[PDB]
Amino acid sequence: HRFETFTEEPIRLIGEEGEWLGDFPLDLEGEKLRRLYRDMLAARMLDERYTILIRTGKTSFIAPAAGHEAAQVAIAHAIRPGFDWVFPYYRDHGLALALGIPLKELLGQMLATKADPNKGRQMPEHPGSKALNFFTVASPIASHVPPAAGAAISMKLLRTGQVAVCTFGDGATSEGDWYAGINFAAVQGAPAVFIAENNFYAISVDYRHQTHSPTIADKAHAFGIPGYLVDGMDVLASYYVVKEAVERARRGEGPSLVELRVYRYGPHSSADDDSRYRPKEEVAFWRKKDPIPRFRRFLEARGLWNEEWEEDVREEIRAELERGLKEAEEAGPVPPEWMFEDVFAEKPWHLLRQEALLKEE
């Protein structure tokens, strides 16, 4: 019914051998459990497809999300897509995918083609969708926390019954705006859920040098809101705790801070060298905690998984990826004139002049 706050050990629901560890009985249909797995696989494969986009030069930058799948897919399923709002950051393409954002739009933004509803205005890993309330990613770390708080306050005043989820890494919790935004949301009892995808690294800076609080969940005490420590490699534990936080917010009980402990298997980004500041013992250790194989065992133990289904799912996903990429590419390059559009609702005199000057070029 209600998870424990500030727990000593991270909350986990999936046993080492695929057994259910929850006090309450599992209440998700087999179809839904398979959906969760499907989405994680799609997320992992999207990530690997991104790697290829780098190698072929189709995209100039990527932020490997491998290892974040359980957390990202769980979040996507704890809210109501198209109704609730999501304020993500650059590494959430897995969450974006499971939320329902068309591959066409994601790959379109990665490649900066007309398929990008964001019109190729930003560098890769900056998705955004009006239709799915996926607040367009901004580069400055934690800068989207105050806005998330605001949207939540808006939902409360307008009594829309919506919820706003805000995701960010461990490093983000050190920014002043992170604290300021949440503090305000907490004071207003706003329906917002702040979720940390803690991978113990902010590029090369480790958690030990990031903050002195033993956990991120503890930071919740600074706002007087509940904080949860969760195994982010456990898709069920992540879904249920975030789900509970979301329901709490939706019923007007205020925000919560959920810490999903995960691990970044790839380098910080395509412009980094992971195996240049991390102990192989640590990486190896965590590679055995991969959320996908872990949930696979849980499904297998219940007759919800088999090798043949694995193959079909992977092949369906691969086909979709190709279709999506093809559509994004065929959309064509964004027009040069678009550079002067959307700065304001309409172009003022100086932009018209600047555009005109450029056109003469």
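All residue numbers refer to positions in the sequence shown, first residue = 1.
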Answer yes if residue 280 is missing coordinates in at least a third of the other compared entries, and no if every one of them models it. yes
Checking the other entries of this protein that model its neighbours, is residue 133 missing in at least a third? no
Stretch with the higher entry mean CA B-factor, where the candidates are 66-74 and 304-312: 304-312
For 322-330 versus 42-50, entry-based mean Cα B-factors point to 322-330
Out of 144, 208, 221, 130, which residue has the highest Cα temperature factor in the PDB record? 208
Per the PDB entry, which option out of 243, 289, 261, 126 has the greatest Cα B factor? 289
Can you work out whether the C-alpha temperature factor of residue 200 puts it in the lowest, middle or highest third of the chain? middle
Assigned third (lowest, middle, highest) for the C-alpha B factor of residue 79: middle
Chain thirds of CA B-factor: placement of residue 168: lowest
On the chain's distribution of Cα B-factors, residue 120 falls within the third called middle
Would you check the entry's CA temperature factor for residue 108 and let me know if it's in the chain's lowest, middle or highest third? middle
